[PDB]
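S.K.: Numbering (PDB author numbering), first residue to last: 3 to 125, 127 to 261.
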Amino acid sequence: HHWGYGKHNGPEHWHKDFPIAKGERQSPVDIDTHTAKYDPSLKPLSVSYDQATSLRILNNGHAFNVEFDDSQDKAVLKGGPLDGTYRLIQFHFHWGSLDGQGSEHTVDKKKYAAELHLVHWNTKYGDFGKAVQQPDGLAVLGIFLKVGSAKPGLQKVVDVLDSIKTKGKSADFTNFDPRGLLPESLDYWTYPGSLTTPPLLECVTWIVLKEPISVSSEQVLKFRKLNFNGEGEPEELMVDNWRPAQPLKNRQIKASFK
Ligand SMILES: NS(=O)(=O)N1CCc2ccccc21
Ligand SMILES: [Zn+2]
Numbered sequence: 003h004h005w006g007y008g009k010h011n012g013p014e015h016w017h018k019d020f021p022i023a024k025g026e027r028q029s030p031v032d033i034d035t036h037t038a039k040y041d042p043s044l045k046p047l048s049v050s051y052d053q054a055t056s057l058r059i060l061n062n063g064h065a066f067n068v069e070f071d072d073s074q075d076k077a078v079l080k081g082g083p084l085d086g087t088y089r090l091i092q093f094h095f096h097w098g099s100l101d102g103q104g105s106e107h108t109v110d111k112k113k114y115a116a117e118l119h120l121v122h123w124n125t127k128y129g130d131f132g133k134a135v136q137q138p139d140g141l142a143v144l145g146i147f148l149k150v151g152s153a154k155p156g157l158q159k160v161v162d163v164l165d166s167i168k169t170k171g172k173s174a175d176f177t178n179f180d181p182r183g184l185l186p187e188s189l190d191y192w193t194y195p196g197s198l199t200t201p202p203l204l205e206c207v208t209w210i211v212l213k214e215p216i217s218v219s220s221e222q223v224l225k226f227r228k229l230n231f232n233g234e235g236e237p238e239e240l241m242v243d244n245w246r247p248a249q250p251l252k253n254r255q256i257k258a259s260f261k
């Protein structure tokens with residue numbers, strides 16, 4: 003009886019196995035745009051993905067992960083609120099059954115159709132497993148998706164999903180350039196938070212971009228054909244794999260922009 007996104011094992015249940023679910027820096031949160039304060043001190047954000055090496059795409063039963071070679075400083079995130087260098091390890095998405103839900107963060111209580119998470123780990128801790136035990140171990144770049152025009156840089160991801168329909172399936176996924184998933188502006192909000200799935204560790208500096216990317220209805224419909232289940236099991240469509248907003252508690256959300 004594992005965690006998931008159903009009535010019986012969904013976010014309102016996670017606290018029983020993972021009591022930090024009710025902790026002091028849980029994610030996601032609602033971003034109240036009128037309460038977020040411009041922080042003139044935030045350093046410029048640096049997204050350096052030119053040398054990124056994608057390797058594989060995996061359906062893990064909760065989402066699909068595009069995995070990178072993180073055995074050297076190829077693809078790194080620096081600057082903004084960050085001290086030091088954070089190495090890209092994977093990206094994934096969270097999405098809805100309908101276009102009116104799917105994001106984990108909200109903006110003035112608005113839900114987007116989906117949310118992209120680019121996961122990076124602080125290289127001063129040596130490996131990802133050590134980094135997640137630290138309060139500044141990870142930096143997650145979050146990007147909202149709205150439905151409208153296609154995102155050409157997403158289509159290579161969309162077209163492989165048929166080959167990883169069910170939990171535990173993977174496929175080779177080399178030479179994918181995650182720069183094609185970014186919006187034009189790097190204006191962001193930032194706050195200290197957590198993983199949004201078990202084990203809900205409080206190790207993340209969240210960096211959520213203000214500008215959403217546009218994807219087509221056909222692109223997101225292909226995300227919604229994935230399965231939570233394993234091969235041969237009763238089909239359970241992989242939809243609504245998002246955690247709702249958590250209490251902000253004793254935190255301030257900072258804006259990079261006026
Ligand atoms: N949104 S999420 O919590 O699933 N996420 C962000 C940080 C991280 C680390 C390892 C695996 C996944 C992720
Ligand atoms: Zn995520």
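C-beta atoms are modelled at their ideal positions from N, C-alpha and C, and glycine is treated no differently.
Around the C-beta of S188, are 16 or more other C-beta atoms found within 10 angstroms, so that it is buried, or is it exposed?
M.R.: Locating residue 188 in the sequence shown gives position 185, where the first residue counts as 1. It counts as exposed.
S.K.: Excluding the 5 residues flanking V150 on each side, which residues of the same chain have their C-beta closer than 8 Å to its C-beta?
M.R.: Taking the first residue of the sequence shown as 1, we reach residue 150 at position 147. Closer than 8 Å at Cβ, skipping near neighbours: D101, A115, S217, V218, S219, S220, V223.
S.K.: Assign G132 to one of three DSSP states: helix, strand, or coil.
M.R.: Position 129 of the sequence shown, counted from the first residue, corresponds to residue 132. Reduced to three states, the DSSP call for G132 is helix.
S.K.: Taking just the CA atoms, how far does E236 sit from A142?
M.R.: Residue 142 sits at position 139 when you count from the first residue of the sequence shown. Residue 236 sits at position 233 when you count from the first residue of the sequence shown. Spanning the two alpha carbons is a distance of roughly 35 Å.
S.K.: Beta carbon of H119: closer than 6 Å to some heavy atom of ligand 2?
M.R.: Position 117 of the sequence shown, counting from 1, holds the residue named residue 119. Correct: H119 has its Cβ closer than 6 Å to ligand 2.
S.K.: Kindly examine ligand 1 and report whether one of its heavy atoms sits closer than 6 Å to the Cβ of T199.
M.R.: The residue you call residue 199 lines up with position 196 of the sequence shown. The answer is yes for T199.
S.K.: Just how far apart, CA to CA, sit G63 and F231?
M.R.: Locating residue 63 in the sequence shown gives position 61, where the first residue counts as 1. Locating residue 231 in the sequence shown gives position 228, where the first residue counts as 1. In a straight line, the C-alpha of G63 is about 5 Å away from that of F231.
S.K.: Please classify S197 as buried or exposed, where buried requires at least 16 other C-beta atoms within 10 Å of its C-beta.
M.R.: Residue numbering aside, residue 197 sits at position 194 when the sequence shown is read from its first letter. Burial call: buried.
S.K.: Return yes when the C-beta of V31 is under 6 Å from any heavy atom of ligand 1, and no when it is not.
M.R.: Start at 1 with the first residue of the sequence shown, and residue 31 comes out as number 29. Because no heavy atom of ligand 1 lies under 6 Å away, the Cβ of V31 does not count as near it: no.
S.K.: Counting C-beta neighbours from all protein chains within 10 Å, is the total for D130 16 or more, i.e. buried, or is it exposed?
M.R.: On the sequence shown, position 127 is the one that residue 130 refers to. So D130 counts as exposed.
S.K.: Is it right to say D72 is buried, meaning 16 or more other beta carbons lie within 10 angstroms of its own, or is it exposed?
M.R.: Your numbering for residue 72 matches position 70 in the sequence shown. Result: buried.
S.K.: Is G132 buried or exposed, if buried means 16 or more other CB atoms sit within 10 Å of its CB?
M.R.: Taking the sequence shown and counting its residues from 1, the one referred to as residue 132 is at position 129. The residue is exposed, with fewer than 16 neighbouring Cβ atoms inside 10 Å.
S.K.: Would you identify the three-state DSSP class for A23, choosing helix, strand or coil?
M.R.: Walking along the sequence shown from the start, residue 23 turns up at place 21. Of the three classes helix, strand and coil, the one that applies to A23 here is helix, per DSSP.
S.K.: Going by alpha carbons, who is nearest to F176 out of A65, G145, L57, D162?
M.R.: Stepping through the sequence shown from its first residue, residue 176 is reached at position 173. Answer by Cα proximity: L57.
S.K.: Using DSSP's beta-bridge definition, name the partner residues of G196.
M.R.: What you label residue 196 is simply residue 193 of the sequence shown in a count that begins at 1. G196 is bridged to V207.
S.K.: In this structure, what does DSSP give as the bridge partners for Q28?
M.R.: Taking the first residue of the sequence shown as 1, we reach residue 28 at position 26. In the DSSP output, where bridge partners are listed per residue, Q28 has none listed.
S.K.: Taking only runs of the alpha helix (DSSP H) that begin and end inside the segment 58-100, which ones reach a length of at least 4 residues, in chain order?
M.R.: Counting only runs of 4 or more, we get nothing.
S.K.: Return helix, strand or coil for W123, following the three-state DSSP convention.
M.R.: Counted from its first residue, the sequence shown places residue 123 at position 121. Strand at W123.
S.K.: Would you identify the three-state DSSP class for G183, choosing helix, strand or coil?
M.R.: Indexing the sequence shown from 1 puts residue 183 at position 180. Helix.
S.K.: Identify every residue that forms a DSSP beta bridge with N11.
M.R.: One-based indexing of the sequence shown puts residue 11 at position 9. Answer is none; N11 lacks a bridge partner.
S.K.: Consult DSSP for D175 and reduce its assignment to one of helix, strand or coil.
M.R.: Working through the sequence shown from its first residue, we reach residue 175 at position 172. Residue state, collapsed to three classes: strand.
S.K.: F20 and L184 - do their beta-carbons sit closer together than 7 Å?
M.R.: The residue you call residue 184 lines up with position 181 of the sequence shown. The residue you call residue 20 lines up with position 18 of the sequence shown. No, these two residues do not count as a Cβ contact at 7 Å.
S.K.: For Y128, collect the residues of the same chain with a Cβ closer than 7 Å to its Cβ; drop the 5 residues on either side in sequence, then sort them by chain order.
M.R.: Position 125 of the sequence shown, counting from 1, holds the residue named residue 128. Taken in chain order, the residues that qualify are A134, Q137, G140.
S.K.: What is the DSSP secondary structure of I167, counted as helix, strand or coil?
M.R.: One-based indexing of the sequence shown puts residue 167 at position 164. DSSP places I167 in helix when its eight states are reduced to three.
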